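Colleague: This is my_file.csv (CSV, C-alpha atoms and all ligand atoms).
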```csv
chain,number,residue,atom,x,y,z
A,1,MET,CA,-11.3,-4.1,-9.9
A,2,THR,CA,-7.7,-5.3,-10.0
A,3,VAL,CA,-6.6,-1.7,-8.9
A,4,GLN,CA,-3.2,-1.4,-7.3
A,5,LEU,CA,-1.5,1.5,-5.5
A,6,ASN,CA,1.5,1.9,-7.8
A,7,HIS,CA,3.5,4.7,-6.2
A,8,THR,CA,3.5,7.7,-3.8
A,9,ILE,CA,6.0,10.6,-3.6
A,10,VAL,CA,8.2,10.9,-0.5
A,11,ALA,CA,9.6,14.4,0.1
A,12,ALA,CA,13.2,14.4,1.1
A,13,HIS,CA,16.1,16.9,1.7
A,14,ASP,CA,18.5,14.4,0.1
A,15,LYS,CA,16.4,12.0,-2.1
A,16,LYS,CA,19.4,9.6,-2.7
A,17,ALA,CA,20.4,9.4,1.0
A,18,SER,CA,16.7,9.0,2.1
A,19,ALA,CA,15.9,6.3,-0.4
A,20,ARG,CA,19.1,4.4,0.6
A,21,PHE,CA,18.1,4.8,4.2
A,22,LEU,CA,14.7,3.1,3.7
A,23,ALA,CA,16.1,0.5,1.2
A,24,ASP,CA,18.9,-0.5,3.6
A,25,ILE,CA,16.7,-0.6,6.7
A,26,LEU,CA,14.1,-2.9,5.0
A,27,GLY,CA,16.6,-5.1,3.1
A,28,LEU,CA,15.4,-3.8,-0.3
A,29,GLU,CA,17.2,-2.1,-3.2
A,30,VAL,CA,17.0,1.4,-4.6
A,31,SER,CA,16.0,1.7,-8.3
A,32,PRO,CA,17.9,3.9,-10.9
A,33,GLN,CA,16.7,7.5,-10.9
A,34,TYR,CA,13.6,8.1,-13.0
A,35,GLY,CA,13.0,11.7,-13.8
A,36,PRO,CA,13.4,13.6,-10.6
A,37,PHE,CA,12.6,10.6,-8.4
A,38,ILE,CA,14.6,7.9,-6.6
A,39,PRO,CA,12.2,5.0,-6.4
A,40,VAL,CA,12.3,2.2,-3.8
A,41,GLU,CA,10.2,-0.8,-5.0
A,42,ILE,CA,8.2,-2.5,-2.2
A,43,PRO,CA,7.4,-6.1,-3.0
A,44,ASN,CA,3.6,-5.7,-3.1
A,45,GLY,CA,3.7,-3.5,-6.2
A,46,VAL,CA,4.1,0.0,-4.8
A,47,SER,CA,7.2,2.2,-5.0
A,48,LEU,CA,8.1,5.1,-2.6
A,49,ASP,CA,9.4,7.7,-5.0
A,50,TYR,CA,11.8,10.1,-3.2
A,51,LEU,CA,11.8,13.7,-4.5
A,52,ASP,CA,14.0,16.6,-3.4
A,53,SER,CA,11.9,18.9,-1.2
A,54,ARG,CA,11.8,22.6,-0.7
A,55,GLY,CA,10.8,24.2,2.5
A,56,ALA,CA,9.3,22.3,5.4
A,57,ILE,CA,8.6,18.6,5.0
A,58,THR,CA,5.3,17.5,6.3
A,59,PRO,CA,5.9,14.1,8.0
A,60,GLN,CA,4.0,11.2,6.4
A,61,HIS,CA,3.4,7.8,7.8
A,62,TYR,CA,4.5,4.6,6.0
A,63,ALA,CA,3.8,1.3,7.7
A,64,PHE,CA,5.3,-2.0,6.5
A,65,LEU,CA,3.9,-5.4,7.2
A,66,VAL,CA,6.9,-7.8,7.6
A,67,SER,CA,7.6,-11.4,8.5
A,68,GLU,CA,8.7,-12.2,12.0
A,69,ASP,CA,12.2,-13.0,10.8
A,70,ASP,CA,12.4,-9.8,8.9
A,71,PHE,CA,11.2,-8.0,12.1
A,72,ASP,CA,14.3,-9.2,13.9
A,73,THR,CA,16.6,-8.3,11.0
A,74,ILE,CA,15.1,-4.8,10.6
A,75,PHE,CA,15.1,-4.2,14.3
A,76,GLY,CA,18.8,-5.1,14.3
A,77,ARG,CA,19.6,-2.5,11.7
A,78,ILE,CA,17.6,0.2,13.6
A,79,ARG,CA,19.7,-0.5,16.7
A,80,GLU,CA,22.9,-0.5,14.7
A,81,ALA,CA,22.0,2.9,13.4
A,82,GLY,CA,21.6,4.3,16.9
A,83,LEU,CA,18.0,5.2,16.2
A,84,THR,CA,15.5,5.6,18.9
A,85,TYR,CA,12.4,3.5,18.3
A,86,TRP,CA,9.0,3.6,20.1
A,87,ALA,CA,6.3,1.1,20.9
A,88,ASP,CA,3.6,3.7,20.2
A,89,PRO,CA,2.7,6.2,17.4
A,90,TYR,CA,2.9,9.1,19.9
A,91,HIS,CA,6.5,8.3,20.9
A,92,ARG,CA,5.8,8.0,24.6
A,93,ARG,CA,7.6,4.6,25.0
A,94,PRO,CA,11.1,4.8,23.6
A,95,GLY,CA,13.2,1.6,23.6
A,96,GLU,CA,10.1,-0.7,23.6
A,97,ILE,CA,8.1,-2.6,21.0
A,98,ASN,CA,4.4,-3.2,20.8
A,99,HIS,CA,2.7,-6.5,20.4
A,100,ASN,CA,-0.4,-5.5,18.5
A,101,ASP,CA,-2.7,-8.3,17.2
A,102,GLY,CA,-0.3,-11.0,18.4
A,103,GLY,CA,2.5,-9.6,16.3
A,104,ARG,CA,5.4,-7.2,17.0
A,105,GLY,CA,5.8,-3.6,16.0
A,106,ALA,CA,7.8,-0.4,16.4
A,107,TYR,CA,7.9,3.2,15.1
A,108,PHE,CA,11.0,5.1,14.1
A,109,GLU,CA,11.9,8.2,12.0
A,110,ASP,CA,13.6,8.6,8.6
A,111,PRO,CA,16.1,11.4,8.0
A,112,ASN,CA,13.3,13.8,7.1
A,113,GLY,CA,11.0,13.0,10.0
A,114,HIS,CA,8.7,10.6,8.2
A,115,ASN,CA,7.1,8.2,10.7
A,116,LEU,CA,8.1,4.7,9.7
A,117,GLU,CA,6.3,1.7,11.3
A,118,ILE,CA,6.9,-2.0,11.1
A,119,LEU,CA,4.3,-4.6,12.2
A,120,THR,CA,4.0,-8.3,11.8
A,121,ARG,CA,0.2,-8.8,11.9
A,122,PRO,CA,-2.4,-6.6,10.2
A,123,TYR,CA,-4.3,-4.1,12.5
A,124,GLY,CA,-7.4,-5.9,13.9
A,125,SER,CA,-6.3,-9.4,13.0
A,126,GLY,CA,-4.6,-12.0,15.3
A,127,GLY,CA,-4.5,-15.4,13.5
B,1,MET,CA,12.2,-10.0,2.3
B,2,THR,CA,8.4,-10.5,1.8
B,3,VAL,CA,8.0,-6.9,3.0
B,4,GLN,CA,4.7,-5.1,2.1
B,5,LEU,CA,3.6,-1.5,2.4
B,6,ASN,CA,0.6,-2.0,4.6
B,7,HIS,CA,-0.8,1.5,5.1
B,8,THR,CA,-0.2,5.2,4.8
B,9,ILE,CA,-2.3,8.1,6.4
B,10,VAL,CA,-4.2,10.5,4.2
B,11,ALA,CA,-5.0,13.9,5.9
B,12,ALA,CA,-8.5,15.0,5.2
B,13,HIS,CA,-10.9,17.8,6.3
B,14,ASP,CA,-13.8,15.2,6.3
B,15,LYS,CA,-12.3,11.7,6.6
B,16,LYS,CA,-15.5,9.9,5.8
B,17,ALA,CA,-16.4,12.0,2.8
B,18,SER,CA,-12.8,11.8,1.5
B,19,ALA,CA,-12.6,8.0,1.9
B,20,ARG,CA,-15.9,7.6,0.2
B,21,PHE,CA,-14.7,9.9,-2.7
B,22,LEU,CA,-11.7,7.6,-3.3
B,23,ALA,CA,-13.6,4.3,-2.8
B,24,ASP,CA,-16.4,5.4,-5.1
B,25,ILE,CA,-14.0,6.7,-7.8
B,26,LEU,CA,-11.9,3.6,-7.9
B,27,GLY,CA,-14.8,1.1,-7.5
B,28,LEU,CA,-13.6,0.0,-4.0
B,29,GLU,CA,-15.3,-0.1,-0.6
B,30,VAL,CA,-14.6,1.8,2.6
B,31,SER,CA,-13.8,-0.1,5.7
B,32,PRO,CA,-15.4,0.4,9.1
B,33,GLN,CA,-13.7,3.1,11.2
B,34,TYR,CA,-10.6,1.8,13.1
B,35,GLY,CA,-9.5,4.2,15.8
B,36,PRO,CA,-9.5,7.6,14.3
B,37,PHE,CA,-9.0,6.3,10.7
B,38,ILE,CA,-11.3,5.6,7.8
B,39,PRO,CA,-9.4,2.9,5.8
B,40,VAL,CA,-9.8,2.2,2.1
B,41,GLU,CA,-8.2,-1.1,1.2
B,42,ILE,CA,-6.4,-1.2,-2.1
B,43,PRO,CA,-6.3,-4.7,-3.6
B,44,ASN,CA,-2.4,-5.0,-3.5
B,45,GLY,CA,-2.4,-5.1,0.3
B,46,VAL,CA,-2.1,-1.4,1.3
B,47,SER,CA,-4.8,0.8,2.8
B,48,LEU,CA,-5.1,4.5,2.6
B,49,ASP,CA,-6.2,5.5,6.1
B,50,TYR,CA,-8.1,8.8,6.2
B,51,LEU,CA,-7.5,11.0,9.3
B,52,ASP,CA,-9.2,14.3,10.2
B,53,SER,CA,-6.7,17.0,9.6
B,54,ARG,CA,-5.9,20.3,11.4
B,55,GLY,CA,-4.5,23.2,9.6
B,56,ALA,CA,-3.2,23.2,6.1
B,57,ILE,CA,-3.2,19.8,4.3
B,58,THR,CA,0.0,19.2,2.4
B,59,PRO,CA,-1.0,17.6,-1.0
B,60,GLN,CA,0.3,14.1,-1.4
B,61,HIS,CA,0.5,12.0,-4.6
B,62,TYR,CA,-1.2,8.6,-4.9
B,63,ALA,CA,-1.0,6.8,-8.2
B,64,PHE,CA,-3.0,3.8,-9.1
B,65,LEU,CA,-2.2,1.2,-11.7
B,66,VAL,CA,-5.5,0.0,-13.2
B,67,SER,CA,-6.7,-2.2,-16.0
B,68,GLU,CA,-7.7,-0.7,-19.3
B,69,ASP,CA,-11.4,-1.5,-18.6
B,70,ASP,CA,-11.1,0.0,-15.2
B,71,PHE,CA,-9.5,3.1,-16.7
B,72,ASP,CA,-12.7,3.6,-18.8
B,73,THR,CA,-14.9,3.1,-15.8
B,74,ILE,CA,-13.0,5.4,-13.5
B,75,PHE,CA,-12.7,8.0,-16.2
B,76,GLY,CA,-16.5,7.9,-16.6
B,77,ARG,CA,-16.9,8.6,-12.8
B,78,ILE,CA,-14.5,11.5,-12.9
B,79,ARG,CA,-16.5,13.1,-15.7
B,80,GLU,CA,-19.8,12.4,-14.0
B,81,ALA,CA,-18.4,14.3,-10.9
B,82,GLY,CA,-17.6,17.3,-13.0
B,83,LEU,CA,-13.9,17.1,-12.1
B,84,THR,CA,-11.2,18.7,-14.3
B,85,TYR,CA,-8.6,16.1,-15.1
B,86,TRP,CA,-5.1,16.7,-16.7
B,87,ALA,CA,-2.8,14.7,-18.9
B,88,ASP,CA,0.2,15.9,-17.0
B,89,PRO,CA,1.3,16.2,-13.3
B,90,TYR,CA,1.8,20.0,-13.7
B,91,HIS,CA,-1.9,20.5,-14.7
B,92,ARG,CA,-1.0,22.3,-18.0
B,93,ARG,CA,-3.3,20.1,-20.2
B,94,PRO,CA,-6.8,20.0,-18.8
B,95,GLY,CA,-9.3,17.7,-20.5
B,96,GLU,CA,-6.7,15.4,-22.0
B,97,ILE,CA,-5.2,12.1,-21.1
B,98,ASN,CA,-1.6,10.9,-21.4
B,99,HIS,CA,-0.5,7.7,-23.1
B,100,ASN,CA,2.7,7.0,-21.1
B,101,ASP,CA,4.4,3.7,-21.8
B,102,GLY,CA,1.7,2.5,-24.2
B,103,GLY,CA,-1.0,2.9,-21.6
B,104,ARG,CA,-3.4,5.7,-20.6
B,105,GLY,CA,-3.3,8.0,-17.7
B,106,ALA,CA,-4.7,11.1,-16.1
B,107,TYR,CA,-4.4,13.3,-13.0
B,108,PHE,CA,-7.1,14.7,-10.8
B,109,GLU,CA,-7.6,16.1,-7.3
B,110,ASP,CA,-9.4,14.8,-4.2
B,111,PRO,CA,-11.5,17.0,-1.9
B,112,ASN,CA,-8.4,18.0,0.0
B,113,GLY,CA,-6.1,18.7,-3.0
B,114,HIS,CA,-4.3,15.3,-3.0
B,115,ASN,CA,-3.0,14.6,-6.5
B,116,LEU,CA,-4.6,11.4,-7.7
B,117,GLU,CA,-3.2,9.6,-10.8
B,118,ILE,CA,-4.4,6.6,-12.8
B,119,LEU,CA,-2.1,4.8,-15.2
B,120,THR,CA,-2.5,1.5,-17.1
B,121,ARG,CA,1.2,0.6,-17.6
B,122,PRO,CA,4.1,1.0,-15.2
B,123,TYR,CA,6.4,4.0,-15.6
B,124,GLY,CA,9.2,2.9,-18.0
B,125,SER,CA,7.5,-0.3,-19.3
B,126,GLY,CA,5.6,-0.7,-22.5
B,127,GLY,CA,4.9,-4.5,-23.0
A,201,FE,FE,0.4,2.9,11.6
A,202,FE,FE,2.8,9.8,-10.6
```
For this file, produce the structure as structure tokens.
Ligand SMILES: [Fe+2]
Ligand SMILES: [Fe+2]

Modeller:
Amino acid sequence: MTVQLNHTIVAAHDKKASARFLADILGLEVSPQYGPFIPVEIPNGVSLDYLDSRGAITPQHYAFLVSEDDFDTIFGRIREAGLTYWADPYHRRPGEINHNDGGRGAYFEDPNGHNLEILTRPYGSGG
Amino acid sequence: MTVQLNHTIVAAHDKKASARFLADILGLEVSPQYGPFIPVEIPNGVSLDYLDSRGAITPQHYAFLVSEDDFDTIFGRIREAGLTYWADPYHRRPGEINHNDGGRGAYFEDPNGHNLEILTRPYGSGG
């Protein structure tokens, strides 16, 4: 079944600032507002649709598989933003990257506390 | 940038039952457990990784673009499960489908309250 994940909603205090944060960090573009959402289209057919939140925002986890050249570019923008990054999902190792599955990866936070991850090889792969 | 959304985490009371629920309803398969996660691979390169939750589960929204033939099949399974479905995201119209953008769509809930949506044409399209 040619099923695709088409979108998920990302709760945000400032949906426009939060969508721009993700779009800028990943080298993508923000879409025009659609209803109450600010969508960010990810190239594999799914959009992260930012919605103004009320009350506490439960942190979600969004992990992006990126090319090695994109890893270097994204990593540059993270450092330029003065953001702490971590090798590990539990944030024990700030200022380091992991090398899972022969790739490279790191975790960081968006303005709402969502846990963003970049990785260059799929979990459990290596070739 | 060939960036892909690779995975997100889905909080669940019973990660195995919840992953099986989604896999069965969409006609997909559940992957072997990886760490604490039960992944469900969606064909466009993203997995929904089910994780045992503690405390309240904040409902998330996962929308799947499906073929028209898959819509009929999935809709059949929803009815066979005795699940209420709704035309609208606010759940005002039970037992009806929407026809957004010349397609067909409906909303329903997973065992944790996550808001699942199926649609056959992308939001804002029609051709
Ligand atoms: Fe991850
Ligand atoms: Fe939706």

Colleague: Per residue of chain B within 12 Å of ligand FE 201 (chain A), record the nearest atom pair and its distance in Å to one decimal, counting only C-alpha atoms and all ligand atoms, with rows in chain order and ascending residue number, as a Markdown table.

Modeller:
```
| residue | atom | partner | partner_atom | distance |
| --- | --- | --- | --- | --- |
| B:5 | CA | A:FE201 | FE | 10.7 |
| B:6 | CA | A:FE201 | FE | 8.5 |
| B:7 | CA | A:FE201 | FE | 6.8 |
| B:8 | CA | A:FE201 | FE | 7.2 |
| B:9 | CA | A:FE201 | FE | 7.8 |
| B:10 | CA | A:FE201 | FE | 11.6 |
| B:34 | CA | A:FE201 | FE | 11.2 |
| B:35 | CA | A:FE201 | FE | 10.8 |
| B:36 | CA | A:FE201 | FE | 11.3 |
| B:37 | CA | A:FE201 | FE | 10.0 |
| B:39 | CA | A:FE201 | FE | 11.4 |
| B:46 | CA | A:FE201 | FE | 11.4 |
| B:47 | CA | A:FE201 | FE | 10.4 |
| B:48 | CA | A:FE201 | FE | 10.7 |
| B:49 | CA | A:FE201 | FE | 9.0 |
| B:50 | CA | A:FE201 | FE | 11.7 |
| B:51 | CA | A:FE201 | FE | 11.5 |
```

Colleague: Counting only C-alpha atoms and all ligand atoms, which protein, DNA or RNA residues come within 9 Å of ligand FE 202 (chain A), given as a PyMOL selection string?

Modeller: (chain A and resi 6-9+49) or (chain B and resi 61-64+89+107+115-119+123)

Colleague: For chain B, which residue out of A:18, A:60, A:125, A:112 is the nearest one, using all atoms listed in the file?

Modeller: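 Of all the options, A:60 lies closest to chain B.
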
Colleague: Could you tell me how far CA of residue 106 in chain B lies from CA of residue 87 in chain B, in Å and to one decimal?

Modeller: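 These two atoms are separated by 4.9 Å.
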
Colleague: Could you please determine the separation between CA of residue 102 in chain B and CA of residue 71 in chain B in Å, to one decimal place?

Modeller: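 For CA of residue 102 in chain B relative to CA of residue 71 in chain B, the distance reads 13.5 Å.
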
Colleague: Mind checking which residues fall within 9 Å of residue 83 in chain B, counting all atoms listed in the file, ignoring those fewer than 5 positions away in the same chain, and posting them as a list in words?

Modeller: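 These residues fall inside the cut-off: residues 78, 108 and 109 of chain B.
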
Colleague: Using only C-alpha atoms, pick whichever of A:74, A:42, A:81, A:12 has the shortest atom-to-atom distance to chain B.

Modeller: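 Closest candidate: A:42.
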
Colleague: If I take CA of residue 43 in chain A and CA of residue 3 in chain A, how far is one from the other in Å, to one decimal?

Modeller: 15.8 Å

Colleague: Using all atoms listed in the file, which of the listed residues (A:70, A:24, A:52, A:80) sits closest to chain B?

Modeller: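 Of A:70, A:24, A:52, A:80, the one nearest chain B, counting all atoms listed in the file, is A:70.
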
Colleague: Rank B:94, B:32, B:27, B:105 by their smallest atom-to-atom distance to residue 15 in chain B, using only C-alpha atoms, and report the top residue only.

Modeller: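 Counting only C-alpha atoms, the residue closest to residue 15 in chain B is B:32.
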
Colleague: Taking (-1.3, 4.8, -18.8) in the file's coordinates, which residues come within 6 Å, counting all atoms listed in the file, written as an MDAnalysis selection string?

Modeller: chainID B and resid 99:100 103:105 119:121

Colleague: Mind writing the picked residues with C-alpha atoms as a short mmCIF file (atom, residue, chain, number, x, y, z; two decimals), in the frame of the given file?

Modeller:
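The result, written out as part_15.cif:
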```
data_model
loop_
_atom_site.label_atom_id
_atom_site.label_comp_id
_atom_site.auth_asym_id
_atom_site.auth_seq_id
_atom_site.Cartn_x
_atom_site.Cartn_y
_atom_site.Cartn_z
CA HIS B 99 -0.50 7.70 -23.10
CA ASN B 100 2.70 7.00 -21.10
CA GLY B 103 -1.00 2.90 -21.60
CA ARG B 104 -3.40 5.70 -20.60
CA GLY B 105 -3.30 8.00 -17.70
CA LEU B 119 -2.10 4.80 -15.20
CA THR B 120 -2.50 1.50 -17.10
CA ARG B 121 1.20 0.60 -17.60
#
```

Colleague: Write out as a list in words which residues come within 7 Å of residue 53 in chain B when counting all atoms listed in the file, dropping same-chain ones fewer than 3 positions away.

Modeller: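 What passes the distance filter is residues 11, 12, 13 and 57 of chain B.
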
Colleague: Compare A:54, A:41, A:66, A:110 by their minimum atom-to-atom distance to chain B, counting all atoms listed in the file, and give me the closest one.

Modeller: A:66
